[PDB]
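Naming: A, B, ... by sequence-line order, numbering from 1 per chain. Every heavy atom of this structure was used, including side-chain atoms; hydrogens, water molecules and symmetry mates were not.
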Amino acid sequence: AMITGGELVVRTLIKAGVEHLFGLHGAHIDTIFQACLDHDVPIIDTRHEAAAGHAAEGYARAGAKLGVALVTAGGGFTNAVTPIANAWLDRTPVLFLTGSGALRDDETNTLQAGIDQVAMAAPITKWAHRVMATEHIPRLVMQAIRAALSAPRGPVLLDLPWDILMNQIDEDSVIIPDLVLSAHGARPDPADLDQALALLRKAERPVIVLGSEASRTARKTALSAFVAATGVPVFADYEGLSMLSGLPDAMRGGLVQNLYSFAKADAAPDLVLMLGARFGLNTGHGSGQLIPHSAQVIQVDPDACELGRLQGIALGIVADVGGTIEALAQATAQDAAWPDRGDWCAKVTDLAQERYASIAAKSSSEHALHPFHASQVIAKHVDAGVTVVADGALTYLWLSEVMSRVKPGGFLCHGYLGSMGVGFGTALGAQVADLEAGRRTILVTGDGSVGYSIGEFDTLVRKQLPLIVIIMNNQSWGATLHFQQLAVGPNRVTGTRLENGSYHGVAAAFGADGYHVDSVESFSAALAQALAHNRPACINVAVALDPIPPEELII
Amino acid sequence: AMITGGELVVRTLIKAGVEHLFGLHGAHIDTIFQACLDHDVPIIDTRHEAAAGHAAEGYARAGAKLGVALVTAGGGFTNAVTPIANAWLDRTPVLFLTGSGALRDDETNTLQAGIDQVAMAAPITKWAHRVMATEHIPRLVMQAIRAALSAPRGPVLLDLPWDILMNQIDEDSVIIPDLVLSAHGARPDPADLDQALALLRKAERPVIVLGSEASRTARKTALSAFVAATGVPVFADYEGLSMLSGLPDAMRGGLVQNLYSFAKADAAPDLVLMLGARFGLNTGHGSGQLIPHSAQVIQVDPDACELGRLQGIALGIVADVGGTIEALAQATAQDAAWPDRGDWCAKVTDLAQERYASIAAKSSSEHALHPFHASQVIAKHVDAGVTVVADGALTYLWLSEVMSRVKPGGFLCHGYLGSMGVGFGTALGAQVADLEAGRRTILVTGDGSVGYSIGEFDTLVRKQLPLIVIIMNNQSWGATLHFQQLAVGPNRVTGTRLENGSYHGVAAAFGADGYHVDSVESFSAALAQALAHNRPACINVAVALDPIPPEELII
Amino acid sequence: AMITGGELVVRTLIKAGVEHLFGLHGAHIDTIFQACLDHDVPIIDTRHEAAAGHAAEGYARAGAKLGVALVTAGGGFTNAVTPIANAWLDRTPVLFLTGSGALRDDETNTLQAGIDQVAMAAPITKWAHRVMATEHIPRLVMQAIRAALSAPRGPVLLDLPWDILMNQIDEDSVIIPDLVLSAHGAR
Amino acid sequence: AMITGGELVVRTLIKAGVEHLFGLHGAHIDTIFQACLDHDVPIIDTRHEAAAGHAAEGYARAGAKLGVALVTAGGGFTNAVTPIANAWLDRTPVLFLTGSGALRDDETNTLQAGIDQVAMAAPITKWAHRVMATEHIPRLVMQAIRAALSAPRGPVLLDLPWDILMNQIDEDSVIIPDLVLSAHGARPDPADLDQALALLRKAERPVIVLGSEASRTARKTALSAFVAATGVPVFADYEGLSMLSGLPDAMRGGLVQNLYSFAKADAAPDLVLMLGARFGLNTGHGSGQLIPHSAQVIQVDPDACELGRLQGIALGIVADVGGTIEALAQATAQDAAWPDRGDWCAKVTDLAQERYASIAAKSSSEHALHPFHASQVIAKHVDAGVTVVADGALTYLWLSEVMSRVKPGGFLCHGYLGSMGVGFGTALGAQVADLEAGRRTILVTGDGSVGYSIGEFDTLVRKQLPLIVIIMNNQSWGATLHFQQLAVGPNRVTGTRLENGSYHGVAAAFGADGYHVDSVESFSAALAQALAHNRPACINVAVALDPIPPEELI
Ligand SMILES: Cc1ncc(C[n+]2csc(CCOP(=O)(O)OP(=O)(O)O)c2C)c(N)n1
Ligand SMILES: Cc1ncc(C[n+]2csc(CCOP(=O)(O)OP(=O)(O)O)c2C)c(N)n1
Ligand SMILES: Cc1ncc(C[n+]2csc(CCOP(=O)(O)OP(=O)(O)O)c2C)c(N)n1
């Protein structure tokens, strides 16, 4: 009944409902590994702490739950910083548990000590803190969890000194708290809700735009009820996209990028209801290209700073997005009868079809396989049974054009950090979450990006995680090469070609199934085969570099 | 139509609804001074940036609105750090505007440059940011205001480089946004509200405890309706106390400290509804001495990390406190009649009376004026027309004993920072806010504490602000002297005596009315006279040092 | 022969050659006041921690030696920040000793706790550090002194948690180092 | 004559004497790539910013010069933080140039923006700063360089907003300064030097211990003169080891770890002259196990905080280590003849031989290749023409045992950060530096550690860098597995096995030569062949896991 600090950490995680961790071993954190071993809690151990951190993010995002990363002192922590930064900008709930130097050996120039890990994490976490006493562990672990899971979601760093973890205490002297935190988010004042709904009712061309906070709470039943009652088309940024999958086709606007062509069509929305979608990279900043300057904007976000950040708004509500969706469903449930939106929904559908058809008409695979065509091959397989994770740059810009007509179970793309290479770890953690969901995870990445975490094929094999890694291979850091050609000159390509290496050969050397394809027919055959087997796979797809995705020109 | 960055700052503040600033001049920020001059916006200029910062706090606290502090580069900023830290721990909405070195003269070892002011403020603000372009001023001022005013309220630092402020731009090249941020905070999910109310209904001995967030939103009408419907007695920490002033005597539990004697009376609450009162210094930490371990606790706070921080709770709700009070009032306006709680309210009343009577029975002014008796002299004048500000240590501990039976318009005491000296600036700012309300401000401070900001008598006279400064003079840093005697030994008093100086003489030399008193009669006469005139005053009250206040006895 | 952490602080100061401190009292740092009282080391107690900080600077500047400021947790520290910043830009050797919340009472929303004092001082000191063990006091005080006195001179913050200072340890279990640092600068 | 901020960066680097950069492309930093292209300054572009940062470290360490890393905004920067931290604790002069969000687009929730990069780097840099004006670029680049190169050396972060770099200015309106910073480090006061030499002369068993600052200034001629004049044996931590390579055998004490067995042999030094060797991980902390408590210590370090950090010292000198070595050589070229130290030097040698022989006696490759035997295979090839980079854990602990006997041109091991995986990028950068030195780089790494940066086989092949990567493969995160067995229990192994993957197969798929070996003979043949050709290679060496290196116990 004397137990370690690491045992306290794990008892507290278990009580909160944590079922998996992602990490990489060190002695500093062995007490946590030993406790997980005793309690049959899996730690998915990777080949890089960065992959472990991104895996915790992917688990959190695909699973709509807490992700937990576990890393050792010093380089364990510094190797997890890109995950922390990505989760920060993406509003992703991840508890990063890090080891650190023993307090009793402070300032001794010893192994792995002397990095101010909390100071480094401070600019990019909701909370970061170093534990000072073993008896504080349960309450601070639970406090850290509440911080991560509350609106807007985000990463937390809990730094656990080696002596604090190794110290033994009487188990009866420290209580392990429950996670007592309402699952229901706060909702708008009914006066604000009444005004929002009165405006929505009055609008001629209203749209809703979902952001990441809608994905985190996943109030799909309420969203469906609200959308069925009002008939208003719903768009989303990348992170909100999968929240559209259960909606009737007439009200699926798809990716918010599709609003670009509306003003030209004399069909700019006159009202926009933004639900956790921030003004920024995915929503056209303050340009009014997607969210028109002429529209009345109602914005709901848990962070008041975001409200009208880059554009004047009509009504700014601070509330949880999930709670708001529940409130909207309740208010419209016994409401009757909302205005018919048939013609407006049809216009949204037509503009989307026009975009897709136009791109189709400009895409040829005469010699090399066209990225649009390669994307269409993937789209044939995307439905509620699949999570798509997207990395690369040109790769995801092209992929995005096929993503609105399908209904993915999950879609996990770059957010604001736009950090090439995060997709592999992300997809690995998503595939873990997806085992419980019954989904197959497909990573669609670039040849450049895959190199960041290419050792994780080892992890997929050791852990028998059937992630399918599709590499869109244009022999280059492509978008950056386009930048050089477009912004500087045709003769100014430098540091951006990648004309070496057999990625499928690398995957095969780690024991994964390797495929190399270069055509619509070869690729479709390979992908069908990979999906039929419950095995990790690498599909190396030779694609053309020169095509310019629509979003590259728009961006 | 070319205008300065400083003019953009002021136009934005005006559009937000700011009517006063507190500050101290520097060339770095003169453009803001000149714009306020043009627009007839008063800047209350003090004798120390710390006093200006605390004044902005006091204005925010007394006024339930945004406070704005304005300080110059370098030492202007560093002199404001104590206000920032105090506002941080007290959840007080203050926008600290600071000058800083010109961007164009970066790294030139020049005057007032080279302090990383944002880094210094980061650990003690909701947001801290240095402005990079003159065009960004309106949107970032408004963003800062939204950050300060949103739940939980807190300080923000906006750092404005000299060139950014002096730079002139076309006034029409940038839009000045409105403050578009709902006045009504987010409320609990109805399931959570129903659960809370079910527990409140079933409880034998329920209490409500209000915290600072209740004061910031000041939902007095809703609170009155809720309390009348349920008959549940309401307590508060210092910052919540004035929120009890409009409640019937029967439901006024007063300061939460009064709960101490309940367990021995076999009367410990079985349910506690905490409305923005955190677990911490004012609520007995996790000791269960005020909030019993045996009670079911419903806690409502805008910061999830606070929920059950130090004690297990039954229901943890993240919502705005004002929004929650409105929700509770709405629900209890349409449910069944509530159980009569007259006997319980009477018990609450009896226990408070027993405490007060006990103190009265023990207190003697035979050889020197007793702090409890001096406190009683003040209490006779306290009602809705008075804001009481409290500083010192033993001074406020004694004062607290008379504050539950009166109904102050405002009560501003030390919060967690416990920083001796903050009261003078705080009271000065409070008196500015109180002007429009027809209220009179009284500072009750220690002889030690008053020394920190004693030059502010000058400011009171220059600005004709009729603040009454009452100095409880026990010729020592009192509570610290008690610590030495009680925790160390009777012969171990060092560095705590202050057996010098005529504070009324200092006040007089600055042109304020000075009084020196040493008895109930003399003090009563001085206070009556000072209150009869709209003149600043200093009342120097000789009081005994040896008496130990109940709150110290408990400790 | 059990002595407090505050006693360790003062014994280390005395061995370094410190003969005056400037400060303002708080319970958090009483163990240092008591040790100074015992050893007849004057603490010049002011009416504001800022004045105490600036006095430590003035003492250093006028006397070409180390200045030592002594302030309590929370507002004691925040009141000393203008002195820290002034000494930073002036290259003035001042050791700022500050109290802070007890480590054992971390994250309890308690009196004078919760300010990240080391983070606040980091941009304006040669070194700033929070002591984690009573036994570290003498070596870390001497390390801080070496940081302050070495070229270019400047301020250092040593943050001493209440429990770390109140803790008692066997005086024979920890050595008080000498100040072994050449008086002659490199050429 | 209008030129970009990026062009200003590169003109300043060139004027400082920078000849190589390491990095990974982004649009945010393209102006620097374009300028390097114009000026024929190579940027060695890697598959991960971490590898690029570590390459800049390796180039700095192996070359005793400034390393320059170049990364883009956001993830470019955050991917570089392990290099920054490693360089920080290793006292390695690296200029990290990072892009960042445009100032004009501040707070727009845009691509790669919103990370406070300078705040993140502040705890682990000598200086970190974000540039506010294009016109400031040359003076701030040069300022950053002076910060990195000055004693004690270390990393600097210069953050260059996208608009600051893209902005064009009249080239005639901004001067590009020279690097005007003396190459000569400051030296001790002659009174201090006199006292140090007086103590050194009176000592019965004096030793010298070198640290990283000695390697940074590389005052080899002076060191040789001082050592020849005094006859005092010289030890080093890992970073100071290659500074012993030009000394006569009699005064080569080798790695400072060898001091362990001296007290039990009644031979503990009575005087220790520490030259940039800190009290800490490599010197036995304050334990007295290497630096005896009974010895008088003279410590010379550019950071006063370090002087007697963990142990009482007799004389604490703040000076540059190189300047001090020059001063000591100068003084001992003019003073009287020094006492003969032949017997003490022979004791040092005998104790080192006794350690080596004891390990040799215990090591058997009967059933699997023993890590000590594998290490000896490598040692056969180590001389001035070789830089050895060491990663892994058990791997470098075993390797350390053969390193004191040989005289490497360079030896780059883990420092205080002990971050598994830094070796690959480090060795790639070292190989670049080694080109002009006429040296061949060999990385000796673990099967676990190699996985961190395994994509860099691609970079070796693209850039034709003939790095030889030797993977000591014990199918595990080995030292951590030993921890579980030794400190917890034999049935408590969890999260530490790595019983999968063909590393040589991975290297071959990237176009590098791959070998798989499992014996002294097969390993010897593969290494000999790899060394015979200027081609990148991976040698996957099957080695036993169970043996415990002496240092693991200690
Ligand atoms: C961590 C990081 N490093 C560098 C960049 C700069 N960058 C933007 S796009 C891009 C090219 C990505 O190439 P690839 O993964 O192959 O995708 P592609 O554009 O070719 O489809 C790069 C290097 C970045 N965004 N993040
Ligand atoms: C800024 C600051 N400095 C020092 C302290 C330590 N301290 C606590 S109580 C106290 C005495 C206050 O004396 P006074 O204002 O005269 O009030 P009294 O207790 O005598 O009524 C002191 C110095 C503090 N809390 N804050
Ligand atoms: C970045 C980082 N992650 C984890 C650790 C913990 N750690 C210490 S030794 C070790 C094992 C390294 O294994 P390998 O590289 O194969 O070397 P071996 O000990 O097997 O020879 C690990 C994971 C560390 N020191 N640094």
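Both the backbone and the side chain of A319(D) come within less than 4.5 Å of a heavy atom in chain C. Proximity to chain C is limited to the side chain of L310(D), based on heavy atoms less than 4.5 angstrom apart. For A122(D), no part sits under 4.5 Å from any heavy atom of chain C, backbone or side chain.
Side-chain contact of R216(D) with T92(D): a donor-acceptor pair under 3.5 Å is present, judged by distance alone. A side-chain N or O of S100(C) and one of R130(C) form a donor-acceptor pair less than 3.5 Å apart. Side chains of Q34(C) and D30(C): a donor-acceptor N/O pair is present below 3.5 angstrom, by distance only. Side chain to side chain, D159(D) and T98(D) fail the donor-acceptor criterion of an N or O pair below 3.5 Å.
If you tally non-hydrogen atom pairs under 4.5 Å between each of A186(D), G316(D), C305(D) and chain C, the highest count goes to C305(D). Each of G323(D), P190(D), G308(D) has some count of heavy-atom pairs under 4.5 Å with chain C, and the biggest count is that of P190(D).
Ring centroids of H285(D) and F279(D) are separated by 6.0 Å or more, keeping the two rings apart.
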